[PDB]
Structures are given as C-alpha cells and as structure tokens.
C-alpha cells in the first residue's frame, strides 16, 4: 500500500502576530513595521549642514556678534541649538515663529545693500551689549538718532525697490527707551511714529518708553515692489536685506552631526533611518519620515501559520 502525502513547513518556535480575529497567533516568519531604533546623531552625509551653534536662527537677519559668521550662508540642512540667541540687547521679534518657519526652508540667505544714505542725522548709534571687532551695533542695522542731545529729529522718508528675481526679507526695528526723558535725549521731544508701507503691507508703530528694548518687525517685499519707511525717531533702519537661496530642512536638536550616515528624517534626538512605514521614536519630526504611531511593535507575517510537529 503505497501513499503520497501533502504538507507544509514549520519552525520549532515561530513569532506571534495579531490578525483580525486572533491575538498572538504564531506564524513561521514575521517582520517589524514600526521603527524604534534611533540614531543619536544628525546624519549629514550628502547634505550641506549648518550647525548654528550659539547663533539663534533669527540672529542671521539682524546680526548680533554671535552671528557674525552666519550673516550669509548656504545650506540644505539647518541645525538649531538650544543655546542659540537672536539678540544682543533686550527685545523680541514679532511673529518670531513664522519667521523661523520661513528661514528653516530658505536654503540659506544672502545679504544685499539697500543703499540708504542719510543726511542731517547721526547714524552711528551704539550699544555695549553688541560691541565687537566689526561694529558697535547689529551688523545689518543702523541706529538712527539726532545730531545732538535733545535735538529735534526730522520727519524722514526712505524707500527701497526690490530689483530682483525673488522676494526680499525686510527687517526694521522700533526702539523703546528706558524712560520718556531718555527718548527725548536721543530723538527729541514730541510724540513719535513709524509707518512702513509696501503694496501688501501697512503698519503704524509708536515707541512705548519704560523698559529699555528693541522690538523688530518684518515683511516680504514683492519683486519690483517698493517699501517705504516714514519716521521721526526711535527707528532702527535696515542696512542690508536678505534673499533666500533654495530649499532646506530645519532641525532643533542637541545631538552632534555625523557626516557618515545618510539621513532623511530628523527630530530633536537625532535621525530616523528606516524604510519602515511607521515609527515609535518621536512625534515631532522633519523631513521624509515614517508616520508616527503610538504602538511599540506591529509584526507583519512574512510566512504561514506555524504548526509545530
């Protein structure tokens, strides 16, 4: 009595996966779809990185001493550190976050002169917080005041037409003095006003004296369009203006760069390298990343139902 049989393979102990109707059912082979192994470095290989070190991202636009070496740069991968600072002298940017969001995808920046020549005022206003080898204030800015103490500052109009291919990033500052008296000493008595106008933008600023500070503001000037500054004091004038290069990623991290691993997905704690559809590492990422899931492990059957002998 001859016979032939039909059957399938099995291993001693397979791996447990979940199906629609059963939990932890053993199969011959399965593979992981959720990446949990993190590379604790910023993988810069192939990219041209910019570790901003002690320079805050926004510093690059106004130019405090910590950013002297980043006033112009080119990068497809910008790495912000926690110890970076945008300022040298009290004050915040308005919209600081969207400006970061814009700079993080700029591909770097390049400065160009606006060519403002000033008549009948003092240009060389300085602070000891900003003083350095180069100049005694923000590198890209000019602190404008009266020819003498308490002297009247003239009503003034300055305009800049963007002569370029792409939109310009225009930064100006408003000076809030330590006191009314101090505001008088730099710009003279009288109520002061700053108005900035392009064909998109229209905004009025009054100094609010009381606690020494310089608050900065910004807009995006259309190519061929003109901006207009009218001011009778407390005005921090741009000397240069930035132009964005190409396309970059912006990472906030405390991990060191490593120029010998290819990275596409980044987060506060390094790099995720994975052709896996999902990741459990970090929910806040930047680049081409696996989707963040809250599960540690999702095993996907690469084999059949394991039935031991």
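Positions refer to the first chain, counted from 1.
* Can you tell me which stretch has the higher mean Cα B-factor, 237 to 245 or 276 to 284? -> That would be 237 to 245.
Stretch with the higher entry mean CA B-factor, where the candidates are 72 to 80 and 129 to 137 | Comparing 72 to 80 with 129 to 137, the higher mean C-alpha B-factor belongs to 129 to 137.
Taking the Cα B-factors listed in the entry, which of 271, 253, 66, 259 comes out highest?
By C-alpha B-factor in the record, 259 ranks first.
Chain thirds of CA B-factor: placement of residue 143
For residue 143, whose C-alpha B-factor we compare with every modelled residue in the chain, the answer is the middle third.
Item checked: For residue 7, the third of its chain into which the C-alpha B factor falls -> Bottom third by C-alpha B-factor.
*Considering only modelled residues of the same chain, in which third does the CA B-factor of residue 289 rank: lowest, middle or highest?*
Top third by C-alpha B-factor.
Can you tell me which third, lowest, middle or highest, the CA B-factor of residue 220 falls into for its chain?
-> Middle third - that is where residue 220 ends up once the chain's C-alpha B-factors are sorted.
| request: Going by the recorded CA B-factors, say which third of the chain residue 175 sits in, lowest, middle or highest. | output: According to the entry, residue 175 has a C-alpha B-factor in the chain's lowest third.
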